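What follows is one structure encoded as structure tokens, with my remarks underneath.
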Amino acid sequence: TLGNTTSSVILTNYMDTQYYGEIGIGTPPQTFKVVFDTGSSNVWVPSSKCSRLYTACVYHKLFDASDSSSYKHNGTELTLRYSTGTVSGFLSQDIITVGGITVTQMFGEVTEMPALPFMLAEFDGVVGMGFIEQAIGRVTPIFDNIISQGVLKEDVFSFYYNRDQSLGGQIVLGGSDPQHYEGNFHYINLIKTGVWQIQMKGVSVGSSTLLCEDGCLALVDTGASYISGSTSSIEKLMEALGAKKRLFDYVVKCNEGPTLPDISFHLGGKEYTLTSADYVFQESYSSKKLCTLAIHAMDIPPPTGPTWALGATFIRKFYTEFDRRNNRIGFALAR
Ligand SMILES: COCCCCC1(CNC(=O)[C@@H]2CNC[C@H](NS(=O)(=O)c3ccc(C)cc3)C2)c2ccccc2Oc2ccccc21
Ligand SMILES: *[C@@H]1O[C@H](CO)[C@@H](O)[C@H](O)[C@H]1NC(C)=O
């Protein structure tokens with residue numbers, strides 16, 4: 001069933017690395033800062049039942065079921081794994097408000113939240129924008145529950161991520177916002193339903209296709225901060241850039257940031273090009289300082305990986321539309 005409704009969520013941009021919006025859980029609503037993640041399908045927030053020995057729980061908003069008149073108990077144990085850390089807790093049900101839409105949703109109350117990395121988290125929880133296939137406990141994802149209401153003009157959702165005092169970004173549920181893109185969308189069909197993953201035809205450093213020559217996978221992840229490849233791919237890429245590997249990143253000398261070549265991603269029919277301005281955190285131009293890149297090595301395990309991931313580095317240049325009706329991803333140049 002389709003309606004006429006489009007709904008939007010204003011996002012906050014934290015240092016070009018974290019983009020999050022707000023949701024309300026319960027009656028009266030308890031508000032949480034959440035990441036809208038196409039790379040996962042579970043909704044979770046920290047719990048009032050999290051032990052204060054977890055320092056992260058001291059530093060974030062906690063859902064208290066005892067203050068909500070609409071809460072429905074479940075209790076099923078749940079463990080959720082991410083790139084940087086793992087959370088564990090139990091399932092609960094309550095009303096969730098996302099941009100004006102009110103939906104009865106099953107979500108996990110997190111009772112184990114490690115200080116590393118959750119102390120670095122500016123957001124409280126996560127809202128999974130993926131398919132039921134990737135959902136732990138085979139729990140209906142929020143978008144599937146929103147589609148079921150028959151209010152949305154279309155079964156699509158769009159992402160706009162700004163460059164670091166105005167709008168941090170925007171999510172549109174049931175459409176796209178033309179104020180944030182230029183030209184026309186170019187679509188790429190998903191390899192298979194269940195994942196927001198597409199086929200990538202090659203990666204060039206300069207003009208020459210130095211990587212992904214025999215084809216590779218690309219996960220379009222709104223919950224990822226960077227553009228990521230396997231340890232091997234990123235080693236070749238960085239060697240070509242003249243970047244040196246540290247513990248958590250690669251760096252160049254700040255003076256050599258503007259001289260770095262363009263990086264292109266062959267997706268569907270087109271070439272998606274990023275200049276050094278799009279992938280270097282250009283904090284200065286000093287010969288005496290090191291500058292980080294917005295491209296990181298990430299070994300994404302099977303069945304999803306080995307795969308590349310196109311996170312916020314890519315979405316900042318290319319406004320992204322996720323089409324649930326036709327199992328495809330659309331890109332247009334972001335305004
Ligand atoms: C663009 O804004 C996103 C900002 C949030 C990113 C970010 C980091 N990004 C992430 O975790 C990614 C979010 N999207 C799903 C992805 N899963 S995966 O399939 O690629 C994968 C799964 C397991 C392993 C071992 C490796 C890869 C991991 C985050 C996102 C969602 C959930 C938790 C989370 O933790 C933290 C904790 C601290 C700091 C950043 C994060
Ligand atoms: C928890 O939710 C699932 C559906 O996700 C349901 O089938 C199950 O019976 C629930 N468990 C309890 C104890 O309510």
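A note on labels: chains of the structure tokens are A, B, ... as shown, every chain counts residues from 1, and ligands are counted from 1 in their shown order.
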
Contacts of segment 96-184 of chain A with segment 59-63 of chain A up to 10 Å, shortest pair per row, only C-alpha atoms, as JSON lines:
{"residue": "A:109", "atom": "CA", "partner": "A:63", "partner_atom": "CA", "distance": 7.2}
{"residue": "A:110", "atom": "CA", "partner": "A:62", "partner_atom": "CA", "distance": 8.9}
{"residue": "A:111", "atom": "CA", "partner": "A:62", "partner_atom": "CA", "distance": 9.8}
{"residue": "A:115", "atom": "CA", "partner": "A:59", "partner_atom": "CA", "distance": 9.5}
{"residue": "A:118", "atom": "CA", "partner": "A:59", "partner_atom": "CA", "distance": 8.9}
{"residue": "A:119", "atom": "CA", "partner": "A:59", "partner_atom": "CA", "distance": 7.1}
{"residue": "A:120", "atom": "CA", "partner": "A:59", "partner_atom": "CA", "distance": 9.9}
{"residue": "A:121", "atom": "CA", "partner": "A:60", "partner_atom": "CA", "distance": 8.7}
{"residue": "A:122", "atom": "CA", "partner": "A:60", "partner_atom": "CA", "distance": 8.4}
{"residue": "A:123", "atom": "CA", "partner": "A:60", "partner_atom": "CA", "distance": 7.8}
{"residue": "A:124", "atom": "CA", "partner": "A:60", "partner_atom": "CA", "distance": 5.5}
{"residue": "A:125", "atom": "CA", "partner": "A:60", "partner_atom": "CA", "distance": 8.9}

Notebook entry, point to check: Can you list, as a list in words, every protein, DNA or RNA residue that comes within 6 Å of segment 75-80 of chain A when you count only C-alpha atoms, leaving out same-chain residues fewer than 6 positions away?
Noted result: residues 86, 87, 88, 89, 90 and 91 of chain A

Would you mind exporting N, CA and C atoms of the selected residues as a CSV table (one decimal), in the first residue's frame?
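Everything below was put into part-v2.csv:
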chain,number,residue,atom,x,y,z
A,86,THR,N,31.1,-4.3,19.8
A,86,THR,CA,30.0,-5.2,20.0
A,86,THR,C,29.1,-4.8,21.2
A,87,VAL,N,27.8,-4.9,21.0
A,87,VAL,CA,26.9,-4.6,22.1
A,87,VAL,C,26.0,-5.8,22.3
A,88,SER,N,25.6,-5.9,23.6
A,88,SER,CA,24.7,-7.0,23.9
A,88,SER,C,23.6,-6.5,24.9
A,89,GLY,N,22.4,-7.1,24.8
A,89,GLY,CA,21.3,-6.8,25.6
A,89,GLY,C,20.1,-7.7,25.3
A,90,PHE,N,18.9,-7.2,25.4
A,90,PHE,CA,17.6,-7.9,25.3
A,90,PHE,C,16.6,-7.1,24.5
A,91,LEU,N,15.7,-7.9,23.9
A,91,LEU,CA,14.6,-7.3,23.0
A,91,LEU,C,13.4,-6.7,23.8

Notebook entry, point to check: Can I get the residues close to ligand 1 as a count of residues only, where close means within 8 Å and we count only C-alpha atoms and all ligand atoms?
Noted result: 43

Checklist line | Polymer residues at most 6 Å from residue 94 of chain A, only C-alpha atoms, same-chain spacing of 4 or more positions, as a VMD selection string | finding: chain A and resid 26 70 to 71 104 to 105

How would you write, as an mmCIF file with N, CA, C and O atoms, in the first residue's frame, the set of residues in segment 116-328 of chain A that DSSP gives as strand (DSSP E or B)?
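This is the output file states_13.cif:
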data_model
loop_
_atom_site.group_PDB
_atom_site.id
_atom_site.type_symbol
_atom_site.label_atom_id
_atom_site.label_comp_id
_atom_site.auth_asym_id
_atom_site.auth_seq_id
_atom_site.Cartn_x
_atom_site.Cartn_y
_atom_site.Cartn_z
ATOM 1 N N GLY A 125 22.330 5.411 20.169
ATOM 2 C CA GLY A 125 22.048 4.136 19.527
ATOM 3 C C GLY A 125 22.101 4.111 18.014
ATOM 4 O O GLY A 125 22.683 4.988 17.377
ATOM 5 N N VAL A 126 21.503 3.069 17.434
ATOM 6 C CA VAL A 126 21.516 2.797 16.005
ATOM 7 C C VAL A 126 20.129 2.399 15.542
ATOM 8 O O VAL A 126 19.442 1.653 16.234
ATOM 9 N N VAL A 127 19.752 2.879 14.344
ATOM 10 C CA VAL A 127 18.538 2.519 13.634
ATOM 11 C C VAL A 127 19.005 1.860 12.308
ATOM 12 O O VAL A 127 19.566 2.525 11.434
ATOM 13 N N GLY A 128 18.846 0.542 12.233
ATOM 14 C CA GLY A 128 19.215 -0.230 11.060
ATOM 15 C C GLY A 128 18.258 -0.020 9.904
ATOM 16 O O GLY A 128 17.048 -0.230 10.051
ATOM 17 N N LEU A 152 3.690 6.186 3.022
ATOM 18 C CA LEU A 152 4.767 6.696 2.172
ATOM 19 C C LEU A 152 4.368 6.800 0.718
ATOM 20 O O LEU A 152 3.721 5.888 0.208
ATOM 21 N N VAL A 156 11.027 4.053 -0.950
ATOM 22 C CA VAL A 156 12.403 4.543 -1.035
ATOM 23 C C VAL A 156 12.738 5.420 0.185
ATOM 24 O O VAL A 156 11.838 5.902 0.877
ATOM 25 N N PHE A 157 14.040 5.620 0.434
ATOM 26 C CA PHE A 157 14.577 6.554 1.422
ATOM 27 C C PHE A 157 15.917 7.115 0.921
ATOM 28 O O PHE A 157 16.695 6.410 0.260
ATOM 29 N N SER A 158 16.155 8.405 1.192
ATOM 30 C CA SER A 158 17.332 9.109 0.699
ATOM 31 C C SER A 158 18.161 9.747 1.770
ATOM 32 O O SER A 158 17.629 10.231 2.768
ATOM 33 N N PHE A 159 19.480 9.814 1.504
ATOM 34 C CA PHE A 159 20.505 10.361 2.380
ATOM 35 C C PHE A 159 21.243 11.507 1.745
ATOM 36 O O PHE A 159 21.703 11.412 0.599
ATOM 37 N N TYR A 160 21.392 12.572 2.542
ATOM 38 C CA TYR A 160 22.170 13.760 2.262
ATOM 39 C C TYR A 160 23.097 13.966 3.465
ATOM 40 O O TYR A 160 22.621 14.052 4.595
ATOM 41 N N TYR A 161 24.412 14.017 3.225
ATOM 42 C CA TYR A 161 25.417 14.249 4.268
ATOM 43 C C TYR A 161 26.150 15.492 3.866
ATOM 44 O O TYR A 161 26.745 15.515 2.796
ATOM 45 N N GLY A 169 22.879 17.162 7.722
ATOM 46 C CA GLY A 169 22.427 16.185 6.749
ATOM 47 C C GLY A 169 20.931 16.005 6.829
ATOM 48 O O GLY A 169 20.259 16.688 7.609
ATOM 49 N N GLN A 170 20.393 15.094 6.020
ATOM 50 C CA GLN A 170 18.953 14.857 5.959
ATOM 51 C C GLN A 170 18.645 13.482 5.423
ATOM 52 O O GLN A 170 19.251 13.050 4.442
ATOM 53 N N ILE A 171 17.670 12.828 6.037
ATOM 54 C CA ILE A 171 17.098 11.576 5.564
ATOM 55 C C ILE A 171 15.655 11.887 5.142
ATOM 56 O O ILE A 171 14.925 12.569 5.865
ATOM 57 N N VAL A 172 15.261 11.406 3.963
ATOM 58 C CA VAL A 172 13.885 11.535 3.469
ATOM 59 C C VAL A 172 13.348 10.116 3.403
ATOM 60 O O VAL A 172 13.994 9.256 2.821
ATOM 61 N N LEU A 173 12.197 9.870 4.034
ATOM 62 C CA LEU A 173 11.508 8.589 4.027
ATOM 63 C C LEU A 173 10.341 8.755 3.054
ATOM 64 O O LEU A 173 9.528 9.671 3.234
ATOM 65 N N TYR A 181 20.383 17.730 -4.400
ATOM 66 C CA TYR A 181 21.091 17.090 -5.511
ATOM 67 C C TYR A 181 20.918 17.822 -6.844
ATOM 68 O O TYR A 181 20.038 18.661 -6.993
ATOM 69 N N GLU A 182 21.773 17.482 -7.801
ATOM 70 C CA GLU A 182 21.855 18.046 -9.138
ATOM 71 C C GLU A 182 21.823 16.941 -10.163
ATOM 72 O O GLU A 182 22.367 15.848 -9.946
ATOM 73 N N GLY A 183 21.320 17.274 -11.333
ATOM 74 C CA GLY A 183 21.238 16.322 -12.427
ATOM 75 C C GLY A 183 20.249 15.223 -12.117
ATOM 76 O O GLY A 183 19.299 15.397 -11.316
ATOM 77 N N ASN A 184 20.503 14.073 -12.732
ATOM 78 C CA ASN A 184 19.622 12.917 -12.578
ATOM 79 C C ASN A 184 20.291 11.794 -11.847
ATOM 80 O O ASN A 184 21.522 11.656 -11.895
ATOM 81 N N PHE A 185 19.459 10.977 -11.177
ATOM 82 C CA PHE A 185 19.921 9.795 -10.506
ATOM 83 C C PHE A 185 20.316 8.763 -11.562
ATOM 84 O O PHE A 185 19.705 8.691 -12.630
ATOM 85 N N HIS A 186 21.391 8.027 -11.272
ATOM 86 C CA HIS A 186 21.895 6.906 -12.053
ATOM 87 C C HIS A 186 21.816 5.761 -11.059
ATOM 88 O O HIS A 186 22.391 5.865 -9.971
ATOM 89 N N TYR A 187 21.016 4.719 -11.393
ATOM 90 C CA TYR A 187 20.771 3.556 -10.547
ATOM 91 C C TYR A 187 21.684 2.392 -10.840
ATOM 92 O O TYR A 187 22.225 2.265 -11.942
ATOM 93 N N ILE A 188 21.911 1.582 -9.799
ATOM 94 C CA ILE A 188 22.706 0.350 -9.849
ATOM 95 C C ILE A 188 21.887 -0.688 -9.118
ATOM 96 O O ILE A 188 21.574 -0.505 -7.949
ATOM 97 N N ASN A 189 21.492 -1.744 -9.821
ATOM 98 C CA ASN A 189 20.708 -2.817 -9.232
ATOM 99 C C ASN A 189 21.526 -3.558 -8.199
ATOM 100 O O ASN A 189 22.749 -3.694 -8.359
ATOM 101 N N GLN A 197 24.110 -3.904 -1.304
ATOM 102 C CA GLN A 197 25.400 -4.166 -1.939
ATOM 103 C C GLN A 197 25.252 -4.248 -3.457
ATOM 104 O O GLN A 197 24.300 -4.841 -3.966
ATOM 105 N N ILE A 198 26.163 -3.578 -4.159
ATOM 106 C CA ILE A 198 26.179 -3.466 -5.610
ATOM 107 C C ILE A 198 27.533 -3.948 -6.178
ATOM 108 O O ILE A 198 28.496 -4.166 -5.425
ATOM 109 N N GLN A 199 27.583 -4.153 -7.502
ATOM 110 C CA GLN A 199 28.789 -4.573 -8.190
ATOM 111 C C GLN A 199 29.592 -3.331 -8.548
ATOM 112 O O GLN A 199 29.034 -2.365 -9.075
ATOM 113 N N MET A 200 30.894 -3.353 -8.239
ATOM 114 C CA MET A 200 31.830 -2.293 -8.598
ATOM 115 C C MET A 200 32.760 -2.832 -9.726
ATOM 116 O O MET A 200 33.338 -3.917 -9.593
ATOM 117 N N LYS A 201 32.852 -2.094 -10.841
ATOM 118 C CA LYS A 201 33.612 -2.518 -12.023
ATOM 119 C C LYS A 201 35.124 -2.219 -12.014
ATOM 120 O O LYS A 201 35.867 -2.825 -12.789
ATOM 121 N N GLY A 202 35.572 -1.346 -11.121
ATOM 122 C CA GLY A 202 36.986 -0.985 -10.996
ATOM 123 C C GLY A 202 37.229 0.283 -10.199
ATOM 124 O O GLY A 202 36.337 1.131 -10.086
ATOM 125 N N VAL A 203 38.446 0.413 -9.634
ATOM 126 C CA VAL A 203 38.891 1.564 -8.839
ATOM 127 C C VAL A 203 40.180 2.113 -9.454
ATOM 128 O O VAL A 203 41.194 1.412 -9.506
ATOM 129 N N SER A 204 40.163 3.367 -9.888
ATOM 130 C CA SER A 204 41.363 3.968 -10.449
ATOM 131 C C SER A 204 41.966 5.043 -9.560
ATOM 132 O O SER A 204 41.245 5.810 -8.929
ATOM 133 N N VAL A 205 43.300 5.069 -9.498
ATOM 134 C CA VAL A 205 44.108 6.076 -8.793
ATOM 135 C C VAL A 205 44.832 6.837 -9.915
ATOM 136 O O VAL A 205 45.741 6.304 -10.549
ATOM 137 N N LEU A 211 43.107 -0.873 -9.384
ATOM 138 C CA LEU A 211 42.428 -1.848 -8.509
ATOM 139 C C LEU A 211 41.054 -2.261 -8.998
ATOM 140 O O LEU A 211 40.466 -1.578 -9.833
ATOM 141 N N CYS A 216 34.528 -6.224 -8.297
ATOM 142 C CA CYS A 216 34.437 -6.436 -6.862
ATOM 143 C C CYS A 216 33.126 -5.922 -6.301
ATOM 144 O O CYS A 216 32.288 -5.436 -7.063
ATOM 145 N N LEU A 217 32.896 -6.124 -4.998
ATOM 146 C CA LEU A 217 31.643 -5.735 -4.342
ATOM 147 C C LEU A 217 31.754 -4.391 -3.653
ATOM 148 O O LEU A 217 32.818 -4.039 -3.147
ATOM 149 N N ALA A 218 30.638 -3.666 -3.597
ATOM 150 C CA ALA A 218 30.539 -2.373 -2.912
ATOM 151 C C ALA A 218 29.284 -2.297 -2.040
ATOM 152 O O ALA A 218 28.147 -2.282 -2.533
ATOM 153 N N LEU A 219 29.502 -2.287 -0.736
ATOM 154 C CA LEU A 219 28.428 -2.102 0.244
ATOM 155 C C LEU A 219 28.237 -0.570 0.411
ATOM 156 O O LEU A 219 29.214 0.156 0.664
ATOM 157 N N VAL A 220 27.009 -0.076 0.169
ATOM 158 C CA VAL A 220 26.707 1.361 0.300
ATOM 159 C C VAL A 220 26.194 1.546 1.731
ATOM 160 O O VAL A 220 25.017 1.301 2.025
ATOM 161 N N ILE A 227 35.327 5.477 3.240
ATOM 162 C CA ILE A 227 35.354 4.599 2.080
ATOM 163 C C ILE A 227 36.354 3.525 2.565
ATOM 164 O O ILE A 227 37.418 3.855 3.086
ATOM 165 N N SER A 228 35.982 2.264 2.471
ATOM 166 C CA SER A 228 36.862 1.201 2.935
ATOM 167 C C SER A 228 36.997 0.073 1.933
ATOM 168 O O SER A 228 36.075 -0.209 1.173
ATOM 169 N N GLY A 229 38.174 -0.528 1.931
ATOM 170 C CA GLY A 229 38.525 -1.698 1.144
ATOM 171 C C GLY A 229 39.180 -2.687 2.081
ATOM 172 O O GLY A 229 39.380 -2.385 3.267
ATOM 173 N N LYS A 244 51.429 6.755 4.566
ATOM 174 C CA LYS A 244 52.047 5.858 5.544
ATOM 175 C C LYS A 244 51.042 5.442 6.617
ATOM 176 O O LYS A 244 50.302 6.294 7.144
ATOM 177 N N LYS A 245 50.986 4.096 6.871
ATOM 178 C CA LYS A 245 50.113 3.374 7.816
ATOM 179 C C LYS A 245 50.478 3.580 9.282
ATOM 180 O O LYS A 245 51.608 3.286 9.688
ATOM 181 N N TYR A 250 45.863 5.927 7.933
ATOM 182 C CA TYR A 250 46.937 6.248 7.023
ATOM 183 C C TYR A 250 47.044 7.762 7.004
ATOM 184 O O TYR A 250 46.039 8.457 7.135
ATOM 185 N N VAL A 251 48.257 8.275 6.826
ATOM 186 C CA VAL A 251 48.505 9.712 6.798
ATOM 187 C C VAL A 251 49.442 10.132 5.673
ATOM 188 O O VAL A 251 50.185 9.321 5.130
ATOM 189 N N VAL A 252 49.403 11.405 5.319
ATOM 190 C CA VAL A 252 50.338 12.035 4.400
ATOM 191 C C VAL A 252 50.785 13.262 5.179
ATOM 192 O O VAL A 252 50.175 13.600 6.202
ATOM 193 N N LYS A 253 51.849 13.908 4.729
ATOM 194 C CA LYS A 253 52.310 15.154 5.313
ATOM 195 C C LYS A 253 51.298 16.191 4.814
ATOM 196 O O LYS A 253 50.893 16.127 3.647
ATOM 197 N N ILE A 263 40.505 9.770 -7.126
ATOM 198 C CA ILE A 263 40.155 8.359 -6.978
ATOM 199 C C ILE A 263 38.764 8.164 -7.593
ATOM 200 O O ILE A 263 37.848 8.905 -7.264
ATOM 201 N N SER A 264 38.634 7.222 -8.533
ATOM 202 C CA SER A 264 37.372 6.944 -9.212
ATOM 203 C C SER A 264 36.868 5.561 -8.916
ATOM 204 O O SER A 264 37.652 4.634 -8.733
ATOM 205 N N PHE A 265 35.548 5.431 -8.843
ATOM 206 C CA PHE A 265 34.845 4.187 -8.569
ATOM 207 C C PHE A 265 33.898 3.957 -9.713
ATOM 208 O O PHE A 265 33.022 4.785 -9.983
ATOM 209 N N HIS A 266 34.121 2.859 -10.436
ATOM 210 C CA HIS A 266 33.260 2.526 -11.560
ATOM 211 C C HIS A 266 32.075 1.732 -11.042
ATOM 212 O O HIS A 266 32.213 0.565 -10.654
ATOM 213 N N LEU A 267 30.919 2.400 -11.008
ATOM 214 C CA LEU A 267 29.656 1.831 -10.537
ATOM 215 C C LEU A 267 28.621 1.982 -11.631
ATOM 216 O O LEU A 267 28.424 3.094 -12.133
ATOM 217 N N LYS A 270 28.325 4.716 -14.766
ATOM 218 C CA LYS A 270 29.215 5.879 -14.554
ATOM 219 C C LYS A 270 30.496 5.743 -13.691
ATOM 220 O O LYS A 270 30.691 4.729 -13.019
ATOM 221 N N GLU A 271 31.376 6.783 -13.746
ATOM 222 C CA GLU A 271 32.612 6.932 -12.952
ATOM 223 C C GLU A 271 32.385 7.986 -11.859
ATOM 224 O O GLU A 271 32.105 9.153 -12.156
ATOM 225 N N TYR A 272 32.488 7.553 -10.600
ATOM 226 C CA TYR A 272 32.285 8.392 -9.425
ATOM 227 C C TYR A 272 33.653 8.817 -8.862
ATOM 228 O O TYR A 272 34.353 8.043 -8.199
ATOM 229 N N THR A 273 34.038 10.056 -9.208
ATOM 230 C CA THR A 273 35.331 10.654 -8.891
ATOM 231 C C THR A 273 35.355 11.513 -7.645
ATOM 232 O O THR A 273 34.495 12.365 -7.443
ATOM 233 N N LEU A 274 36.400 11.312 -6.849
ATOM 234 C CA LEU A 274 36.704 12.044 -5.631
ATOM 235 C C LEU A 274 38.074 12.668 -5.799
ATOM 236 O O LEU A 274 38.988 11.990 -6.259
ATOM 237 N N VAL A 280 40.824 13.879 1.989
ATOM 238 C CA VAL A 280 41.872 14.235 2.941
ATOM 239 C C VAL A 280 41.250 15.136 3.990
ATOM 240 O O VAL A 280 40.530 16.070 3.625
ATOM 241 N N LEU A 290 51.052 15.867 10.163
ATOM 242 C CA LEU A 290 50.464 14.740 9.447
ATOM 243 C C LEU A 290 48.963 14.910 9.333
ATOM 244 O O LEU A 290 48.304 15.301 10.306
ATOM 245 N N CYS A 291 48.431 14.631 8.126
ATOM 246 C CA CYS A 291 47.019 14.741 7.774
ATOM 247 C C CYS A 291 46.432 13.372 7.482
ATOM 248 O O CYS A 291 47.038 12.596 6.739
ATOM 249 N N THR A 292 45.263 13.060 8.083
ATOM 250 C CA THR A 292 44.576 11.772 7.932
ATOM 251 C C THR A 292 43.722 11.734 6.668
ATOM 252 O O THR A 292 43.256 12.779 6.200
ATOM 253 N N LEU A 293 43.478 10.519 6.145
ATOM 254 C CA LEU A 293 42.631 10.310 4.982
ATOM 255 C C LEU A 293 41.302 9.719 5.406
ATOM 256 O O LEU A 293 41.238 9.006 6.411
ATOM 257 N N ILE A 295 39.719 7.363 3.944
ATOM 258 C CA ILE A 295 39.772 6.003 3.360
ATOM 259 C C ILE A 295 40.572 5.135 4.350
ATOM 260 O O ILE A 295 41.667 5.507 4.764
ATOM 261 N N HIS A 296 39.982 4.030 4.775
ATOM 262 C CA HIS A 296 40.513 3.130 5.807
ATOM 263 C C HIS A 296 40.409 1.660 5.379
ATOM 264 O O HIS A 296 39.497 1.298 4.638
ATOM 265 N N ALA A 297 41.304 0.802 5.871
ATOM 266 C CA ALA A 297 41.209 -0.644 5.577
ATOM 267 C C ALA A 297 40.192 -1.260 6.535
ATOM 268 O O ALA A 297 40.199 -0.964 7.741
ATOM 269 N N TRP A 308 34.169 -3.733 -0.498
ATOM 270 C CA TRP A 308 34.461 -2.323 -0.278
ATOM 271 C C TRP A 308 33.218 -1.751 0.417
ATOM 272 O O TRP A 308 32.123 -2.309 0.309
ATOM 273 N N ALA A 309 33.375 -0.654 1.119
ATOM 274 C CA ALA A 309 32.223 -0.002 1.711
ATOM 275 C C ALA A 309 32.315 1.475 1.366
ATOM 276 O O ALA A 309 33.394 2.077 1.484
ATOM 277 N N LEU A 310 31.208 2.024 0.840
ATOM 278 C CA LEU A 310 31.100 3.435 0.491
ATOM 279 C C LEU A 310 30.287 4.117 1.576
ATOM 280 O O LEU A 310 29.053 4.004 1.605
ATOM 281 N N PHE A 318 28.044 12.336 -3.307
ATOM 282 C CA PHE A 318 26.922 11.755 -4.024
ATOM 283 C C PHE A 318 25.721 11.476 -3.156
ATOM 284 O O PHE A 318 25.743 10.563 -2.342
ATOM 285 N N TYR A 319 24.658 12.267 -3.357
ATOM 286 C CA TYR A 319 23.353 12.141 -2.710
ATOM 287 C C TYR A 319 22.856 10.749 -3.103
ATOM 288 O O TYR A 319 22.894 10.401 -4.288
ATOM 289 N N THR A 320 22.464 9.935 -2.109
ATOM 290 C CA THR A 320 22.085 8.534 -2.309
ATOM 291 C C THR A 320 20.617 8.197 -2.040
ATOM 292 O O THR A 320 20.101 8.497 -0.965
ATOM 293 N N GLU A 321 19.972 7.517 -3.000
ATOM 294 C CA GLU A 321 18.592 7.031 -2.858
ATOM 295 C C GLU A 321 18.590 5.492 -2.798
ATOM 296 O O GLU A 321 19.223 4.845 -3.635
ATOM 297 N N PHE A 322 17.932 4.926 -1.770
ATOM 298 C CA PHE A 322 17.831 3.486 -1.556
ATOM 299 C C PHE A 322 16.405 3.081 -1.897
ATOM 300 O O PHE A 322 15.448 3.514 -1.231
ATOM 301 N N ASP A 323 16.266 2.313 -3.000
ATOM 302 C CA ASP A 323 14.992 1.881 -3.572
ATOM 303 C C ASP A 323 14.606 0.439 -3.175
ATOM 304 O O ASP A 323 15.138 -0.529 -3.713
ATOM 305 N N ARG A 328 17.505 -1.376 -5.862
ATOM 306 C CA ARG A 328 18.552 -0.601 -6.518
ATOM 307 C C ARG A 328 18.943 0.610 -5.668
ATOM 308 O O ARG A 328 18.184 1.016 -4.788
#

Item checked: Nearby residues, ligand 2, 9 Å, only C-alpha atoms and all ligand atoms, as a PyMOL selection string -> chain A and resi 72-76+91-93+106+137-140

Would you put the residues from that selection into a file with N, CA, C and O atoms, as a CSV table (one decimal), in the first residue's frame?
chain,number,residue,atom,x,y,z
A,72,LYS,N,6.1,-3.0,25.8
A,72,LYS,CA,5.7,-4.4,25.8
A,72,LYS,C,7.0,-5.2,25.9
A,72,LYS,O,7.9,-5.1,25.1
A,73,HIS,N,7.1,-6.0,26.9
A,73,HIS,CA,8.2,-6.9,27.3
A,73,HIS,C,8.4,-8.0,26.2
A,73,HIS,O,7.5,-8.5,25.6
A,74,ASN,N,9.7,-8.4,26.0
A,74,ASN,CA,10.1,-9.5,25.2
A,74,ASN,C,11.1,-10.3,25.9
A,74,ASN,O,10.9,-11.4,26.4
A,75,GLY,N,12.3,-9.7,26.1
A,75,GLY,CA,13.4,-10.3,26.9
A,75,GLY,C,14.4,-11.2,26.2
A,75,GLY,O,15.4,-11.5,26.8
A,76,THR,N,14.1,-11.5,24.9
A,76,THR,CA,15.1,-12.3,24.1
A,76,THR,C,16.5,-11.7,24.1
A,76,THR,O,16.7,-10.5,23.7
A,91,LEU,N,15.7,-7.9,23.9
A,91,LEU,CA,14.6,-7.3,23.0
A,91,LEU,C,13.4,-6.7,23.8
A,91,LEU,O,13.0,-7.3,24.8
A,92,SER,N,12.9,-5.6,23.4
A,92,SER,CA,11.8,-4.9,23.9
A,92,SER,C,11.0,-4.3,22.8
A,92,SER,O,11.5,-4.2,21.7
A,93,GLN,N,9.7,-4.0,23.0
A,93,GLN,CA,8.8,-3.3,22.0
A,93,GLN,C,8.2,-2.1,22.6
A,93,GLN,O,7.8,-2.1,23.8
A,106,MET,N,10.1,-3.2,17.5
A,106,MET,CA,10.8,-4.1,18.4
A,106,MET,C,12.3,-3.7,18.3
A,106,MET,O,12.8,-3.5,17.2
A,137,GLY,N,18.0,-12.0,15.2
A,137,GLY,CA,16.7,-12.5,15.8
A,137,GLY,C,15.6,-12.4,14.8
A,137,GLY,O,14.4,-12.5,15.2
A,138,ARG,N,15.9,-12.2,13.6
A,138,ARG,CA,15.0,-12.1,12.4
A,138,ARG,C,13.8,-11.1,12.8
A,138,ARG,O,12.6,-11.4,12.5
A,139,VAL,N,14.2,-10.0,13.5
A,139,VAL,CA,13.3,-8.9,13.9
A,139,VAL,C,12.9,-8.0,12.7
A,139,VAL,O,13.8,-7.6,12.0
A,140,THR,N,11.7,-7.6,12.6
A,140,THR,CA,11.2,-6.8,11.5
A,140,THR,C,11.9,-5.4,11.6
A,140,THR,O,11.8,-4.7,12.6

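Among the candidates A:255, A:134, A:42, A:179, the residue lying nearest to residue 333 of chain A is A:179 (atoms considered: only C-alpha atoms).
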
Item checked: Atomic distance atom CA of residue 69 of chain A - atom CA of residue 27 of chain A, expressed in Å with one decimal -> 5.4 Å

Next item on the list: Output as a list in words all residues of segment 142-325 of chain A that backbone DSSP marks as alpha helix (DSSP H).
Entry: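 Matching residues, listed in order: residues 142, 143, 144, 145, 146, 147, 148, 231, 232, 233, 234, 235, 236, 237, 238, 239, 240, 241, 276, 277, 278, 279, 312, 313, 314, 315, 316 and 317 of chain A.
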